[PDB]
Every structure is written in C-alpha cells, then in structure tokens.
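Step one of this worksheet: look at the structure below.
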Amino acid sequence: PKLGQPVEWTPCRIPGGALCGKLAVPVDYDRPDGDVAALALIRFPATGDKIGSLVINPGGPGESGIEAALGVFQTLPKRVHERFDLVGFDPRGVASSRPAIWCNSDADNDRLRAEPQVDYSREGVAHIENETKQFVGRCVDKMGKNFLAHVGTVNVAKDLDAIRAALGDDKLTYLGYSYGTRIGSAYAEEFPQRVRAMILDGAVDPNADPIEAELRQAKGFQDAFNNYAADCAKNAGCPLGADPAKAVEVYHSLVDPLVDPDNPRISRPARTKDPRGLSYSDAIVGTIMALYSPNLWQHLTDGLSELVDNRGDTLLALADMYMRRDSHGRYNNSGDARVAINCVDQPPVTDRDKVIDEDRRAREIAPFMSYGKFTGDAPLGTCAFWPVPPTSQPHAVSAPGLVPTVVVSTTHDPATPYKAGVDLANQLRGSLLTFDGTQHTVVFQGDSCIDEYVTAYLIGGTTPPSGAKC
Ligand SMILES: CCCCCCCCCCCCCCCC(=O)O
C-alpha cells in the first residue's frame with residue numbers, strides 16, 4: 001500500500017460480499033518518511049442504512065482481527081449488520097499485516113512444549129532463562145529492533161485513527177475484547193473527540209500492577225477450575241471424582257505422572273495418536289484453554305478421562321488450539337506477537353525477589369497450575385530480557401471529554417476478572433454491563449440479553465441502566 005493512498009478494496013479470497021484491502025502506516029510516527037507497515041483489513045458491507053463501520057479487535061494481543069471479524073459475522077445481530085460495515089483489522093505485526101512478528105520456528109515451539117517446565121531449582125531456572133534469552137535473540141535477528149520498539153498499543157491506537165479515516169468515518173465505533181480494551185482506552189485518551197461509541201468486553205485495567213494483575217488472573221483460572229469441577233462432580237463418570245473439594249488433588253494425580261518423579265526435567269508423555277504425546281506443560285495449557293468457556297468443559301472432561309487411561313489426545317488438541325498449531329504442525333504468529341506487544345506495553349518486572357514471591361503466592365492461589373513445592377526460586381519472565389523499552393506506563397485512564405462507553409464484565413471471567421471491568425468503567429466514567437458466567441467475553445456470542453443492550457448502544461447511543469445484569 002501507499003502511505004496516504006486510499007484503501008483499494010477487492011473481494012476476499014467467504015461470507016457476504018466481504019472486501020479485503022491494506023492500509024499503509026508509518027512504523028515510527030515520528031519518522032513518517034521512513035519504514036512502512038501494511039495493515040490487513042476486512043470489511044463486510046452493511047445491508048441497510050449505513051451509520052458507519054463497526055471496527056473490532058479480538059484481543060490477545062497477537063490475535064487476528066480479520067479471523068475474528070469472520071467469526072463475529074456469523075453471530076452478528078441483524079440490526080447491527082443492517083446499520084454497520086463490520087470491519088476487522090490485523091494490528092501491526094500480527095497475522096496478515098506486514099511485517100509480521102516472528103521469533104520461533106515451528107520446531108522451536110514444539111521443542112519447548114515437550115518440556116515439563118516444572119523444574120524451578122536453580123538449574124531449572126537457569127535453563128528457562130537461557131531459553132528465554134535465545135528466544136529474544138531470535139526476535140531481534142528476524143525483526144528489527146526498530147520494528148519491535150514500535151509494535152505497542154500506543155501505536156496501534158494511532159493506526160486505529162488512520163483506519164477510521166480510511167473507512168470514511170468521521171468518528172469511531174469500536175468493539176474491543178480483552179486486550180482490545182487497552183487499544184480502546186489508549187484510543188480514547190489520544191483521540192477522545194473521534195469516539196462515537198465503544199464497547200469493551202473483558203477489561204484490562206491500565207493502572208494495574210503487573211504482578212497483582214497476574215495473581216488475580218491466576219485466581220480467576222482457579223475459580224473457573226473450581227466451577228468446572230463442581231459441575232463435573234454432579235455428572236456421571238466425572239474424572240475428577242464426585243467430591244469437588246478433592247478435584248485439585250485428583251487432577252494432579254492425573255497430570256503429575258506426566259513428569260518423572262525423580263527428575264523434574266524428564267517428560268513421561270501420555271500416549272496420543274499424534275507422535276508428540278501429551279507433556280505436563282501441554283496438559284496444563286490445554287486445561288487453561290478449556291476454562292475460557294463452558295462450551296469447552298466437555299472437552300476438558302474428555303481429556304481428563306483419557307488421562308485416567310494414560311491417553312492425552314484431547315488435552316493435546318486443546319493445547320494446540322491455545323497455541324494455534326494447525327494440523328500440519330504450523331504455528332501462526334499469535335504467540336510471538338503476543339509476547340512482543342506485551343513487553344513494550346508496560347515496564348517489565350525485573351526484580352528477582354518479586355518474581356519469587358509471586359510464584360510462592362501463585363502456588364497457593366492456583367494450585368491446579370503448580371507442580372510440587374515452592375523451591376525458593378522462580379524464572380524471570382520474557383519481558384525482563386526485552387531489548388527495547390516500554391512505550392506505555394501504567395496509569396488510570398483519563399479521557400474527560402469521552403462519550404459514554406459500555407464495559408462488559410463477566411462475574412467469573414478467568415482471563416480478565418470481573419472487578420477489572422468495574423475499575424475500567426470507573427476510569428472511563430462509562431457504563432458497566434454485568435454478565436453472570438464463567439467465561440472470557442460474551443458480546444455477540446449467543447446471549448440476546450447482552451446483544452440487545454449492545455445493539456441499542458451502537459445504534460442509538462443508549463447505555464444500559466446502572467446495575468444492568470444478564
Ligand atoms: C508463546 C511461546 C513462546 C514463549 C516465550 C518464549 C520463552 C521460552 C522460554 C520460557 C520457557 C517457558 C517456561 C516459563 C514460562 C513462564 O514463566 O510462565
């Protein structure tokens with residue numbers, strides 16, 4: 001694409017008369033005459049009287065907005081389809097946008113997933129951190145330091161305003177999920193006068209401490225695990241047993257044997273038709289994936305029943321869904337993009353004592369996710385080694401002129417807990433719409449109570465009353 005040139009739309013190669021095109025944006029907005037990024041867009045034209053475009057972001061970070069728009073199209077309320085062009089976009093560095101963040105080969109990822117990743121002795125910590133340093137080196141080798149430095153949400157928000165103008169909208173109508181609510185609040189702060197409407201489903205509090213938010217997310221997934229297990233306990237054949245007070249214990253009786261009990265570095269994978277088998281780390285990841293929605297609880301139950309017989313096929317497939325590894329062993333770039341974006345969106349945690357204390361607390365908060373006992377050591381995260389500095393700093397959202405917005409928060413959301421949505425709505429001086437459930441996000445996913453509130457807000461600007469629940 002040509003910087004400043006309008007989007008050339010062409011039929012995508014797909015539901016509707018979907019149109020696809022690219023938009024050029026500067027890599028560095030302070031160097032407009034420099035390197036350029038090409039953002040991939042998809043557009044489903046409105047069927048009635050068009051108000052404008054409804055631009056979505058599915059979250060992640062690292063998740064394709066084009067893929068999400070294709071999914072949302074199938075569950076879009078008729079009224080929204082009539083009045084809005086549904087538009088998805090791949091953020092800079094993500095999926096079909098170019099250049100795309102790449103760090104790991106398919107083999108790099110496969111080799112890491114084969115490891116139990118439970119050894120937190122000094123030797124185990126050293127091994128993890130060495131792997132992490134080699135990962136970062138690969139990101140730098142394949143991507144520019146310059147491109148890595150500018151993939152953050154602060155620049156995504158600027159890209160979003162360019163997208164708004166390229167779509168012909170005077171003002172933005174935006175729906176953001178999870179991480180996408182950070183795009184939303186960043187956009188709201190820099191372009192408050194351009195915001196027509198914003199729905200933010202699954203909230204990120206930009207003023208949160210990174211460690212406490214991580215521990216609240218650990219608690220969220222343990223809460224979800226507990227709700228899954230109490231449900232399972234009522235059902236015949238529950239692989240975690242009929243006593244939910246012992247479900248964590250029984251769970252570990254199923255996954256812990258995937259680790260050599262005398263050498264925590266040795267995997268004893270459960271048998272699968274796939275040549276990989278099921279490692280302990282993939283078992284945990286596959287469990288986390290299933291706790292995103294009750295619609296995946298049946299799959300977790302199938303996966304744990306398989307583990308009773310030392311089989312791991314379903315948990316492996318759940319982990320592959322989390323990692324976005326397709327049936328040919330190919331990963332999309334969501335994993336690498338997620339890290340690179342997260343590491344520039346706030347100052348990383350580099351203090352060893354804080355990281356060690358975090359692991360001590362996480363083991364108690366989310367025992368389903370921890371193997372063995374606290375060792376007194378824990379590895380630094382990937383961002384502690386990141387080679388370019390943060391481009392955003394934690395702070396409370398301040399956008400006093402912003403139109404009323406709607407934050408949707410699910411009471412037992414494991415990934416973006418409920419209270420984070422309460423806090424974000426407070427900072428935005430917006431409306432809080434509550435959904436009672438144990439899932440991450442809910443908008444345009446089959447609930448007419450939620451969707452009716454959202455439709456009325458998008459079309460007529462009507463916000464839900466204080467205390468609205470679905
Ligand atoms: C999304 C896949 C890539 C993960 C980031 C690359 C760093 C690989 C080395 C870390 C090994 C994983 C063990 C530590 C993970 C954690 O701290 O929770």
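Position 1 is the first residue of the sequence; numbering continues from there. Indexing begins at 1, ligand by ligand and atom by atom, following the structure's order. Hydrogens, waters and symmetry mates play no part in the numbers below; they use all other heavy atoms, side chains included.
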Task: Stepwise side-chain hydrogen bond (donor to acceptor under 3.5 Å, both in side chains) test for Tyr228 and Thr438 - done: CA-CA 9 Å; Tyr228 156 80; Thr438 309; over 6 Å; no

Open item on the list: Can you confirm whether the side chains of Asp302 and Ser305 place a donor and an acceptor under 3.5 Å from each other?
Closed with: no

Task: Exercise: do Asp345 and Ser392 side chains pair donor with acceptor under 3.5 Å - done: no

Open item on the list: With the threshold set at under 4.0 angstrom, would you say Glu115 reaches ligand 1 through any of its heavy atoms?
Closed with: no

TODO: Could you tell me the residue and atom name of the protein heavy atom closest to atom 1 (C) of ligand 1, and the distance to it rounded to 0.1 Å?
DONE: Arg338 NH2, 3.8 Å

Open item on the list: Please report whether atom 5 (C) of ligand 1 has a protein non-hydrogen atom at a separation of less than 4.0 Å.
Closed with: yes

Open item on the list: Residue-level breakdown please: for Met323 versus ligand 1, do any non-hydrogen atoms fall below 4.0 Å on the side chain, on the backbone, on both, or on neither?
Closed with: neither

Open item on the list: Tell me the protein heavy atom at minimum distance from atom 10 (C) of ligand 1, and give that distance in Å.
Closed with: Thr132 OG1, 3.5 Å

Task: Validation row, ring centre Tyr292 to ring centre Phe221 under 6.0 Å - done: yes

Task: Residue, atom name and distance, where the atom is the protein heavy atom closest to atom 2 (C) of ligand 1 - done: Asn109 OD1, 4.3 Å

TODO: Any atoms of ligand 1 less than 4.0 Å from a non-hydrogen atom of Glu131? List them with their elements.
DONE: 9 (C), 11 (C)

Open item on the list: A side-chain contact here means heavy atoms from C-beta on lying under 4.5 Å apart; do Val248 and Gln222 qualify?
Closed with: yes

Open item on the list: Under 4.0 Å from atom 16 (C) of ligand 1, can you find at least one protein heavy atom?
Closed with: no

Open item on the list: Is it true that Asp90 and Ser64 share a donor-acceptor pair across their side chains at a distance under 3.5 Å?
Closed with: yes

Open item on the list: What I want to check is whether the side chains of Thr287 and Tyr251 have a donor and an acceptor closer together than 3.5 Å.
Closed with: yes

Task: Protein heavy-atom partner closest to atom 14 (C) of ligand 1 - residue, atom, separation in Å - done: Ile128 CG2, 3.9 Å

Task: Identity and distance of the protein heavy atom lying nearest atom 12 (C) of ligand 1 - done: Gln117 OE1, 3.4 Å

Task: atom 18 (O) of ligand 1: nearest protein contact (heavy atom, Å) - done: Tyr120 OH, 4.7 Å

TODO: Mind checking whether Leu112 contacts ligand 1 via backbone (N, CA, C, O), side chain (CB onward), both or neither, at a 4.0 Å heavy-atom cut-off?
DONE: side chain

TODO: Flag the pair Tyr280 / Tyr371 as yes when their ring centroid distance falls below 6.0 Å, and as no otherwise.
DONE: yes

Open item on the list: With heavy-atom distances below 4.0 Å as the criterion, list the atoms of ligand 1 near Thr382.
Closed with: 5 (C), 7 (C)

- [ ] Begin from the C-alpha positions of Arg216 and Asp205 and carry the test salt bridge (charged side-chain N to carboxylate O under 4.0 Å, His left out) through to its verdict.
- [x] CA-CA 12 Å; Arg216 287 193 292 270; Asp205 177 0; 5.5 Å; no

TODO: Starting from atom 3 (C) of ligand 1, find the nearest protein heavy-atom neighbour and note its residue, name and distance.
DONE: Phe135 CE1, 4.2 Å

